[PDB]
Student: 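Submitted below is the structure of interest, expressed as structure tokens.
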Amino acid sequence: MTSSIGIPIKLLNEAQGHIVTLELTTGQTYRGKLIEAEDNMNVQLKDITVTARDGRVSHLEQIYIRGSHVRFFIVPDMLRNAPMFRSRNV
Amino acid sequence: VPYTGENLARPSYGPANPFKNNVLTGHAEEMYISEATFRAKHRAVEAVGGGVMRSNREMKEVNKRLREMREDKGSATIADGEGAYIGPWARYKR
Amino acid sequence: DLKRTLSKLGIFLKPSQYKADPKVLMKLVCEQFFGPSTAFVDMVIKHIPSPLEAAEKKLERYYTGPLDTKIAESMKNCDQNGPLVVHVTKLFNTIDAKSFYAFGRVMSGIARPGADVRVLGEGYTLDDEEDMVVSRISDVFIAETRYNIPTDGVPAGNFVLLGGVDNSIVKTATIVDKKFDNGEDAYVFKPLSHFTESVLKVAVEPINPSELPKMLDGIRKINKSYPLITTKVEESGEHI
Amino acid sequence: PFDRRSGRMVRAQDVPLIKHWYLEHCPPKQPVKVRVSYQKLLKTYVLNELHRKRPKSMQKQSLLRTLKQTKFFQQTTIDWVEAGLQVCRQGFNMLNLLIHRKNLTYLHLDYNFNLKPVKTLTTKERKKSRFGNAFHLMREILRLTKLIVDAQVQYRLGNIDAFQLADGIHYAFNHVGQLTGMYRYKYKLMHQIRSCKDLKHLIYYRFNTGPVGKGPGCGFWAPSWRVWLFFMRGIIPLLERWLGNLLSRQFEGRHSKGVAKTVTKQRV
Amino acid sequence: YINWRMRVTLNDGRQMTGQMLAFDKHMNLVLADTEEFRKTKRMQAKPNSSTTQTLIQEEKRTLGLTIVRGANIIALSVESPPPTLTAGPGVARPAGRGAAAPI
Amino acid sequence: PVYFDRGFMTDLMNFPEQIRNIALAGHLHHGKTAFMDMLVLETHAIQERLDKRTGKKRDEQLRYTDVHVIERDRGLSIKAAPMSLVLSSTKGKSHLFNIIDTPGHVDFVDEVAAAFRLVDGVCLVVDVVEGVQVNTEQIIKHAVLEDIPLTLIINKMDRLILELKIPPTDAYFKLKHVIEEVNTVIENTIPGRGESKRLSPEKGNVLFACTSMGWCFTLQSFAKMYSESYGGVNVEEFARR
Amino acid sequence: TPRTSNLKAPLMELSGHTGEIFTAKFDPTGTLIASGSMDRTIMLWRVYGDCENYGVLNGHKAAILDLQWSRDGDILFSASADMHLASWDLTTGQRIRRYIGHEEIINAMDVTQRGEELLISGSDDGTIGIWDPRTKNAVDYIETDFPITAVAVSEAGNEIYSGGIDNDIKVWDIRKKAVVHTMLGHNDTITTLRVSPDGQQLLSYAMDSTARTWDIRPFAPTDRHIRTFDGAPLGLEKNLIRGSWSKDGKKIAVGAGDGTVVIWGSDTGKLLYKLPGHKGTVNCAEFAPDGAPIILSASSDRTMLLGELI
Amino acid sequence: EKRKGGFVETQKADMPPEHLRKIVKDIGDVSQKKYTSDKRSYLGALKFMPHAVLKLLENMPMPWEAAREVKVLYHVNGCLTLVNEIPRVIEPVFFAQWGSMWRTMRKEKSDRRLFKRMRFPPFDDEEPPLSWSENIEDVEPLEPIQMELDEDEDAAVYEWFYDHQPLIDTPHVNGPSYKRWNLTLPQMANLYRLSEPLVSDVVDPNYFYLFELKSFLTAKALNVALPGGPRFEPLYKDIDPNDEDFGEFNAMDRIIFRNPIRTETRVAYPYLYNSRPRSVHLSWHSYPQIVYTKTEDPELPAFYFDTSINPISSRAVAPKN
Amino acid sequence: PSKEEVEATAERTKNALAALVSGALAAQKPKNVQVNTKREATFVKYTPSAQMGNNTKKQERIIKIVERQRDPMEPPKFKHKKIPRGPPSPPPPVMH
RNA sequence: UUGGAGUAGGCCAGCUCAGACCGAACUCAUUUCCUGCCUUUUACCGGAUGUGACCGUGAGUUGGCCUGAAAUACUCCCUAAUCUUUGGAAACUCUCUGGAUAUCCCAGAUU
Ligand SMILES: Nc1nc2c(ncn2[C@@H]2O[C@H](COP(=O)(O)OP(=O)(O)OP(=O)(O)O)[C@@H](O)[C@H]2O)c(=O)[nH]1
Ligand SMILES: [Mg+2]
């Protein structure tokens with residue numbers, strides 16, 4: 001069998017380069033520019049605004065986030081209007 | 001308005017003339033019956049034995065008596081000589 | 001046998017396509033093998049700069065104005081919220097060839113329809129402002145050669161096709177906003193530096209001397225449409 | 001089409017076999033008649049492409065399919081030689097029936113479609129029997145058809161072999177102007193005759209090189225046969241109209257005046 | 001079931017609401033025009049009543065498009081359904097009705 | 001009809017970092033309009049109309065960006081021709097490409113100059129058979145003197161396989177000869193720093209293509225094919241080797 | 001002679017079928033018309049505006065013997081002598097599906113409009129098919145032993161009035177699949193069966209040229225027959241003539257083989273109209289459902305007449 | 001459904017050929033008084049005789065066929081027999097068949113001692129027409145012109161090459177209506193080789209530079225003749241230099257004269273080299289040069305470094321810096 | 001007259017003249033083969049009048065009329081004739 | 001992985017469209033002009049200009065014919081080794097913060 005990739009995973013791949021806001025299993029919300037996302041949803045970010053559930057607001061650069069420990073992501077409406085949502089019949 | 005039941009019910013007054021066909025021999029009107037209707041009524045008049053309470057089994061015996069009134073069709077595996085096929089060109093013996 | 005080989009590779013076609021002509025079959029098998037132009041897209045993304053990266057180079061290479069200004073900063077950062085600057089260098093004539101859509105690059109701002117602009121010629125300076133015409137951008141297209149997509153606005157770092165700013169442009173123009181909000185002046189981009197010479201010389205006159213003004217208008221349109229063409233009137237009254 | 005592996009089937013007359021011979025440059029060292037032939041064939045090709053049309057044959061009914069819809073026409077499969085014998089017999093009987101209805105039985109139509117008087121004609125008879133262009137063009141076309149069908153009949157009887165058959169067909173389609181008077185009733189048929197002569201020059205010169213001598217034996221008849229099929233294509237609407245009007249006069253009479261005469265030069 | 005409106009309940013007890021777009025074999029949920037619900041049971045102790053009414057405040061916030069991690073979805077509730085005539089041969093004309101039609 | 005969304009294209013216009021402005025430039029008839037045809041047929045739904053063509057016009061090349069009547073009659077480009085396409089990378093991310101297709105005749109280098117003024121990078125299309133020709137040299141000189149970044153597209157690999165009919169080792173040598181000829185013109189224009197602007201397939205700025213058959217690859221993308229087939233290869237190291 | 005409708009003319013003629021028009025029905029809003037005819041087609045018209053044939057539905061292999069609309073006018077159902085029913089989406093003009101299972105000509109069909117939608121069909125194999133308009137397979141079928149030519153659904157939605165060769169209007173209960181009771185009195189085969197808009201009475205027209213109104217409310221005497229309207233002779237074609245009630249229910253119309261649509265008063269019994277206009281038998285006569293005085297008559301003339309009752 | 005017009009409808013069938021044969025034999029020459037009621041139609045069908053001539057002559061057999069059967073549409077009088085066929089052919093197969101005829105005919109003309117041309121007309125003027133049934137019907141036909149094909153070399157077309165409609169029962173055609181074909185590579189190669197006397201050698205489209213339709217039309221509009229091309233009546237007989245007398249441009253003292261511009265250049269660049277270029281056509285400028293050469297040695301593989309190809313040297317590549 | 005009366009007149013006259021134009025066209029171009037595929041039947045209702053000599057009523061008659069299949073090869077049957085034109089319509093009073 | 005909707009091939013006939021390439025092919029007529037040849041016409045020369053016809057073609061659609069096949073099948077729509085569904089769980093104390101505030105309780109966070 002030939003391995004296909006999931007639509008949310010390739011949506012992360014199309015979301016690379018934009019200002020994504022995600023949050024993680026310790027209840028932590030991170031904002032910034034995504035620079036690489038892989039099929040196991042491991043991501044990096046570069047201009048991170050940090051809001052941790054203990055009330056910790058901070059800002060730093062170049063973080064690595066595990067896809068097992070992430071909870072969800074937020075991406076813009078143009079990435080809603082991306083071409084892969086047009087189901088090309090083959 | 002001219003086709004109201006009252007207007008159609010009222011008749012023309014006056015005594016009759018003491019003294020309207022478009023054909024010289026009658027009245028002809030263009031009509032739109034069905035082809036099956038015409039063919040069935042024409043058949044009812046045209047076939048012999050019109051009406052007649054008569055079932056499919058006795059259809060089969062009437063056809064049997066007619067089919068041995070007809071002559072012998074032949075075998076259709078003998079090309080020449082006696083016994084050859086004549087089929088639908090068999091004479092009704094009279 | 002072909003079905004066997006391509007099924008080994010994982011390439012599948014309809015059997016009619018299998019019995020198709022060799023050239024169409026070859027194109028179909030190449031589509032199933034190589035796929036689309038993702039290799040070209042990767043190469044260009046990796047080895048060619050963004051407008052956000054090449055704006056500074058193109059400013060220091062082709063801007064006559066001072067580089068330490070806020071309009072220079074807006075063009076350097078490709079800000080779509082800044083003043084409108086479009087560097088028009090090509091003119092594509094319309095379908096009936098009655099006018100010349102001005103094709104250029106939006107450097108800063110957003111080029112949007114019904115917008116009052118100043119079209120600046122190749123010889124516009126602060127003291128000598130004869131090569132400046134106030135006009136209005138009337139139509140804005142994304143050009144697709146075979147067709148045009150009319151839009152409500154083309155942002156910075158992009159290519160725009162402008163209708164309405166046509167007449168004053170001869171070879172190259174800089175279309176700037178009417179008045180910048182910082183109280184700062186406008187400067188033009190440098191002319192094109194072509195890399196061959198127009199050395200072949202042809203004289204024209206009309207067959208109808210009454211129709212000679214039509215030759216003048218057509219020669220103007222020719223001079224607009226062809227960048228390296230140069231038209232003169234030699235003093236014997238002969239058009240060159 | 002040899003770069004293809006699939007296609008649609010085309011008409012046998014729509015395959016030109018030597019069109020690229022005259023479409024490419026002429027080979028070196030050719031006679032002047034051959035060079036002129038190459039140029040005339042190019043001229044016909046360029047004029048065809050220049051006057052290329054684009055009609056709308058939509059209201060088109062097929063004649064043979066309408067006739068097939070009727071009860072008076074039936075369908076069967078026969079040999080081509082049988083069909084040709086029938087067509088030649090039918091054409092002969094038609095022209096003979098027309099002659100006899102017009103009471104011109106002092107004219108004899110023979111089986112090769114020659115029309116001759118059987119005696120010396122008076123002036124009155126010569127006038128009543130001066131046939132016209134529609135009759136005579138149809139008679140010469142049936143004469144050519146007879147010549148072709150008769151060549152096939154000779155081959156099928158066994159009097160000639162197949163090489164002689166092909167050579168005779170090629171001779172006939174190249175010598176229409178000598179074997180008929182079809183040009184005498186339609187003078188643009190000289191365009192068709194000239195086309196066949198140009199093809200004869202090209203084919204002959206490329207065919208009789210080296211060990212192949214000069215004389216009869218060339219049976220490469222498809223180009224000339226093509227030419228006469230396309231001539232027929234153009235001549236059908238014209239002759240079917242003309243023959244229909246011949247039959248209108250024969251069967252309901254001539255309307256003499258009534259449609260007004262124009263003011264010609266002699267009437268000004 | 002694609003392009004219906006969905007409410008998804010997540011393992012700590014959250015709710016993510018709105019229009020869903022796609023899925024995968026891992027049932028990762030992408031969903032658009034989202035607003036989020038937190039069921040925070042707040043102890044709004046009134047100064048006049050001694051009964052501490054633990055009111056489940058369902059606070060909401062709009063975010064946009066979600067990409068929910070597939071190892072986190074608990075519950076999915078469906079809410080609402082998603083949001084060539086060639087002209088014929090016929091002519092129509094005024095006409096009369098007839099002469100008399102006697103009974 | 002297109003296979004993307006034009007509103008999405010306008011939003012890609014709004015974000016100015018994922019945009020590339022490129023010009024396709026090269027010698028006469030080396031395949032620039034044909035490369036644009038490849039991209040147009042990937043993005044646009046016009047294959048059914050091209051299939052409904054019959055005869056010699058069914059054999060005709062599309063040439064989407066040639067629209068002038070001189071272009072359709074003479075068969076060469078004389079005007080520059082811009083298009084804006086939403087193309088996809090190997091990772092699947094849509095980008096915006098503003099591409100200007102330039103002429104290749106040595107007379108319309110004014111069109112080439114105007115396009116080079118507008119664009120940020122130049123993809124140079126070079127026929128693998130003829131190699132570096134006169135307008136290839138002219139365009140190389142102008143591009144590197146204006147300091148425009150340069151990538152290379154070696155075209156007509158079907159002419160390698162089907163016309164010349166040379167074995168694959170000699171095909172490698174032919175490709176190496178063409179790439180080194182391009183780099184030789186680079187070096188002879190800027191001595192001492194052509195190595196800083198070196199074009200070679202192992203770096204990934206050389207693309208092998210056949211535009212009549214609609215395919216292209218880099219070594220990195222071909223190693224990515226090997227990665228997707230056999231699983232678990234290190235793609236950059238494989239392409240380098 | 002006043003103007004009593006928003007038509008282009010007090011009477012208009014719609015032509016374009018190339019065969020006998022066997023059925024013609026109004027929209028539930030009374031602005032569209034679907035006509036099914038023996039050229040195996042359905043033609044879709046707009047009555048207002050001016051008039052426009054806006055649709056043609058093809059796909060049936062034989063004559064369109066009956067049709068009906070949905071509750072809101074987006075799905076059209078039709079029974080045809082190809083032994084099939086069919087449902088058609090009218091926004092795309094395309095056949096949703098076919099309902100298969102009848103073994104002879106499907107003479108009549110009706111659609112249950114209230115509660116939840118159903119299809120009822122009466123056919124010459126002696127069957128009454130109960131069809132759900134989502135499955136091609138029949139939910140149920142009542143099995144008689146005589147051909148059935150007219151069917152109607154009670155407003156309650158679970159009784160079916162069916163008449164056929166046996167000259168008796170048999171009222172059946174669906175859930176029992178069994179005959180409740182037989183209204184008797186007709187002498188020839190019932191051609192139409194229609195309930196009044198208020199729902200307490202049943203018009204039936206048979207081939208003995210008598211249009212009888214019957215009672216439907218459960219409290220009624222042993223003889224349930226209200227009245228026997230006359231004035232519409234069956235001609236020489238044994239067609240299934242389809243009458244109707246007025247929207248207010250005071251008028252009652254059938255077609256008649258002398259080309260005449262005949263209208264009586266359902267309460268009184270007097271012949272209100274005997275409108276002419278057709279040269280074949282008038283197979284269908286339909287009052288407008290929006291309360292307008294518009295009458296529609298469809299005949300075996302390959303045309304129909306749409307007039308106003310001034 | 002079987003009576004959707006009032007009656008049971010069936011397809012029109014073919015009759016026996018003996019039926020048509022009996023009809024024409026009975027009517028003969030239309031001489032017996034029985035056939036007067038046919039005489040008006042017979043003579044009336046004369047109007048349609050041109051179609052019958054075209055249909056027969058286009059469905060005529062090819063030199064490799066001894067006999068051909070054709071469908072005919074005949075009148076029940078015996079007045080008009082119309083060949084109801086179109087001679088539809090696979091164009092590669094038809095090329096190969098006539099190329100094989102070219103070669104076979106040339107061999108026979110070199111090998112025959114004396115070629116006796118057959119007489120025209122083949123029959124006498126007063127000789128009555130022959131009969132199918134008594135002169136042709138069952139007569140043994142002679143051998144048609146056919147190439148001796150090769151059981152091994154021409155194996156790919158061996159069984160079917162000279163059939164009337166080749167491959168009509170095989171999956172290489174759409175069906176008996178003979179409208180679409182598909183052939184294999186061995187079959188196509190064998191047909192190309194058999195059609196070798198009549199195939200164009202031209203591979204480069206640059207061969208027809210200034211010798212193609214647009215150039216011919218431009219030369220016609222310019223009233224000039226290309227070398228080897230056709231010549232026409234002028235498009236514009238209006239311009240003479242004496243009419244274009246000494247106004248401004250015709251000054252021989254003003255024009256610099258180099259070596260002269262030719263007619264081919266005037267046609268190749270019609271808007272630069274002509275003052276009034278009306279109705280001229282812009283021809284295709286160039287094509288990329290074809291570097292394909294046909295291999296003569298048949299033992300050579302598909303991919304090989306040909307001797308005609310200039311060699312690639314390591315120091316010809318030479319990465320310098 | 002008003003626009004509605006002018007358009008009613010134009011429709012009536014366009015119909016009559018169009019029928020004559022079709023007649024003239026079919027006369028000017030005979031339609032190659034003079035058979036029709038659309039050879040459907042007309043039905044006529046036929047109520048008869050009495051008889052020559054009988055006044056007894058007799059049965060109503062349905063007539064199926066079809067156009068006859070004529071042989072497409074046939075020329076027209078009858079030779080045309082020259083007849084002098086008939087007298088005019090009765091001349092009107094001379095109102096001088 | 002499925003339910004929903006589908007049913008073959010060949011051939012014949014009709015209808016509707018299609019050229020900018022219906023047609024990798026090629027004829028005829030004719031309008032208005034120009035040239036030529038010509039005692040008048042027809043039959044002609046060869047250029048322009050439009051306008052018809054004829055020999056053909058494709059796609060869609062509808063009906064029929066021929067040979068099969070027959071709950072078979074195909075056709076579409078749609079679908080336990082770490083890194084994710086084969087787990088560090090489950091339970092609840094202690095401490096801290098907030099509400100209540102004398103506590104109980106509860107929330108958040110931590111071990
Ligand atoms: N063998 C081969 N020929 C090709 C290929 N691509 C294009 N061609 C041919 O090359 C010729 C010229 O290509 P064009 O499409 O005109 O490309 P171009 O470089 O834009 O030409 P110009 O605009 O004049 O510079 C065309 O006739 C194509 O058929 C290819 O990939 N392989
Ligand atoms: Mg190009």
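Residue numbers begin at 1 in each chain, while the letters A, B, ... track the order of the sequences.
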Student: Does J:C22 adopt a syn or an anti glycosidic conformation, taking syn as a chi angle within 90° of 0?
Tutor: syn
Student: Can you label the angle between the G:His60 ring and the G:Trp88 ring as parallel, tilted or perpendicular, going by 30° and 60°?
Tutor: tilted
Student: Look at D:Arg241 and J:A29 and indicate whether a side-chain polar atom (N or O) is within less than 4.0 Å of OP1 or OP2.
Tutor: no
Student: Of the listed nucleotides (J:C28, J:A43, J:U79), which one gets closest to any side-chain atom of D:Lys53?
Tutor: J:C28
Student: Any side-chain N or O of D:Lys19 under 4.0 Å from OP1/OP2 of J:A25?
Tutor: yes
Student: Taking only the side-chain nitrogens and oxygens of D:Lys60, find out if one of them lies under 4.0 Å from OP1 or OP2 of J:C54.
Tutor: yes
Student: Which whole-number value in Å describes the distance from G:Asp39 CG to J:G14 P?
Tutor: 21 Å
Student: What's the CG-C1' distance between D:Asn48 and J:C26, to the nearest Å?
Tutor: 5 Å
Student: Which part of the nucleic acid does D:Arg65 contact within heavy-atom distance under 4.0 Å: base, sugar-phosphate only, or nothing?
Tutor: sugar-phosphate
Student: Taking everything shown except A:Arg53 itself, do over 12 heavy atoms lie less than 6.0 Å from its CZ?
Tutor: no
Student: Please work out if I:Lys29 contacts a base, only the sugar-phosphate, or nothing of the nucleic acid, heavy-atom cut-off 4.0 Å.
Tutor: sugar-phosphate
Student: Mind checking if E:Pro47 touches a base, just sugar-phosphate, or nothing, with heavy atoms under 4.0 Å?
Tutor: nothing
Student: Starting at CE of D:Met232 and ending at P of J:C26, how long is that distance when rounded to a whole Å?
Tutor: 18 Å
Student: When you check the phosphate oxygens OP1 and OP2 of J:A24, does a side-chain N or O of D:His20 lie under 4.0 Å from one of them?
Tutor: no
Student: How many whole angstroms separate atom CG of H:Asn84 from atom P of J:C55?
Tutor: 13 Å
Student: Should H:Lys4 be listed as having a side-chain N or O under 4.0 Å from OP1 or OP2 of J:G64?
Tutor: yes
Student: Any base atoms under 4.0 Å from D:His136, or only sugar-phosphate, or nothing? Heavy atoms, all strands.
Tutor: nothing
Student: Classify A:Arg56 by what it touches in the nucleic acid, base, sugar-phosphate, or nothing, heavy-atom distance under 4.0 Å.
Tutor: nothing
Student: To the nearest Å, how far apart are G:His84 NE2 and J:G6 P?
Tutor: 10 Å
Student: With RNA chain J as reference, determine whether G:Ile100 or D:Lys188 sits nearer its 5' end, using the nearest nucleotide of each.
Tutor: G:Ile100
Student: For a quick check of understanding: with a heavy-atom distance under 4.0 Å over all strands, which category does A:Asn89 fall into, base, sugar-phosphate or nothing?
Tutor: sugar-phosphate
Student: Indicate yes if the six-membered rings of J:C26 and J:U27 are centred less than 5.5 Å apart and inclined by less than 30°, otherwise no.
Tutor: no
Student: If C1'-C2'-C3'-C4' is positive it's north, if negative it's south, so which is the sugar of J:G99?
Tutor: north
Student: What I want to find out is whether G:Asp132 reaches G:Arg134 closely enough, with some N-O distance under 4.0 Å, to be called a salt bridge.
Tutor: yes
Student: Is the distance from OP1 or OP2 of J:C106 to the nearest side-chain N or O of E:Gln53 less than 4.0 Å?
Tutor: no
Student: In whole angstroms, how far is the P atom of J:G23 from the NZ atom of F:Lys57?
Tutor: 14 Å
Student: Looking at D:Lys43, I'd like to know whether one of its side-chain N or O atoms comes within less than 4.0 Å of OP1 or OP2 on J:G47.
Tutor: yes
Student: Do the side-chain N or O atoms of D:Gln69 get closer than 4.0 angstrom to the phosphate oxygens (OP1, OP2) of J:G14?
Tutor: yes
Student: Provide the distance between the two P atoms, one in J:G47 and one in J:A29, to the nearest whole Å.
Tutor: 16 Å
Student: Which sits closer to the 5' end of RNA chain J, E:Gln44 or G:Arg98, going by the nucleotide each is nearest to?
Tutor: G:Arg98
Student: Out of J:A18, J:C55, J:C65, which nucleotide sits closest to the side chain of D:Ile236?
Tutor: J:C55
Student: Quick check, are the ring centers of E:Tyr1 and E:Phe23 under 6.0 angstrom apart?
Tutor: yes
Student: Indicate, with a heavy-atom threshold strictly under 4.0 Å, whether F:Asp59 touches base, sugar-phosphate, or nothing.
Tutor: base
Student: Taking atom P in both J:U61 and J:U49, compute the distance separating them and give it to the nearest angstrom.
Tutor: 41 Å
Student: Any side-chain N or O of D:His51 below 4.0 angstrom from OP1/OP2 of J:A48?
Tutor: yes
Student: Label J:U85 north or south, basing it on the sign of the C1'-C2'-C3'-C4' dihedral.
Tutor: north
Student: For J:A8 versus J:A73, give the span between their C1' atoms, rounded off to a whole number of Å.
Tutor: 11 Å
Student: When rounded to the nearest Å, what value does the distance between P atoms of J:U110 and J:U101 take?
Tutor: 29 Å
Student: Does a salt bridge link D:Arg4 with F:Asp59, judged by any charged N lying under 4.0 Å from a carboxylate O?
Tutor: yes
Student: So what does D:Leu50 touch, heavy atoms closer than 4.0 Å: a base, only the sugar-phosphate, or nothing?
Tutor: sugar-phosphate
Student: Touch check for D:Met190, heavy atoms < 4.0 angstrom, all strands: base, sugar-phosphate only, or nothing?
Tutor: nothing
Student: Return no unless some side-chain N or O of D:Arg194 is found under 4.0 Å from OP1 or OP2 of J:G46.
Tutor: yes
Student: H:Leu54 near the nucleic acid: base, sugar-phosphate alone, or nothing, with a heavy-atom cut-off under 4.0 Å?
Tutor: sugar-phosphate
Student: Please classify the nucleic acid contact of H:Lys220 as base, sugar-phosphate, or nothing, using heavy-atom distances under 4.0 Å.
Tutor: sugar-phosphate
Student: State whether F:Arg58 and C:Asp21 are salt-bridged, where the test is any N-O pair (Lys NZ or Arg NE/NH1/NH2 against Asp/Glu carboxylate O) under 4.0 Å.
Tutor: no
Student: Please confirm whether the shortest side-chain N or O distance from G:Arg97 to OP1 or OP2 of J:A5 is below 4.0 Å.
Tutor: yes
Student: Check whether any side-chain heavy atom of G:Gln94 lies under 4.5 Å from a side-chain heavy atom of G:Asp89, and answer yes or no.
Tutor: no
Student: Has E:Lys25 got a side-chain N or O lying under 4.0 Å from the OP1 or OP2 atom of J:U84?
Tutor: no
Student: Any side-chain N or O of H:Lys237 less than 4.0 Å from the OP1 or OP2 oxygen of J:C34?
Tutor: no
Student: How many whole angstroms separate atom CZ of D:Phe135 from atom P of J:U42?
Tutor: 24 Å
Student: Of the candidate nucleotides J:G56, J:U84, J:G46, which contains the atom at the shortest distance from the side chain of H:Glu233?
Tutor: J:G46
Student: Would you mind checking if A:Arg71 and E:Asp12 are paired as a salt bridge, meaning a charged N to carboxylate O distance below 4.0 Å?
Tutor: yes
Student: What does F:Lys52 touch in the nucleic acid at a heavy-atom separation under 4.0 angstrom: a base, only the sugar-phosphate, or nothing?
Tutor: nothing
Student: Would you say the side chains of I:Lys31 and I:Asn36 form a donor-acceptor pair under 3.5 Å?
Tutor: yes
Student: With a cut-off of less than 4.0 Å, is there a side-chain N or O of H:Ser177 near OP1 or OP2 of J:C11?
Tutor: yes
Student: According to the interplanar angle, ranging from 0 to 90°, do the rings of D:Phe231 and D:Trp228 count as parallel (below 30°), tilted (30 to 60°) or perpendicular (above 60°)?
Tutor: perpendicular
Student: Grab the CG-P distance between A:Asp54 and J:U95 for me, whole Å please.
Tutor: 20 Å
Student: So what does F:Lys56 hit on the nucleic acid, given a heavy-atom distance under 4.0 Å: a base, only sugar-phosphate, or nothing?
Tutor: base
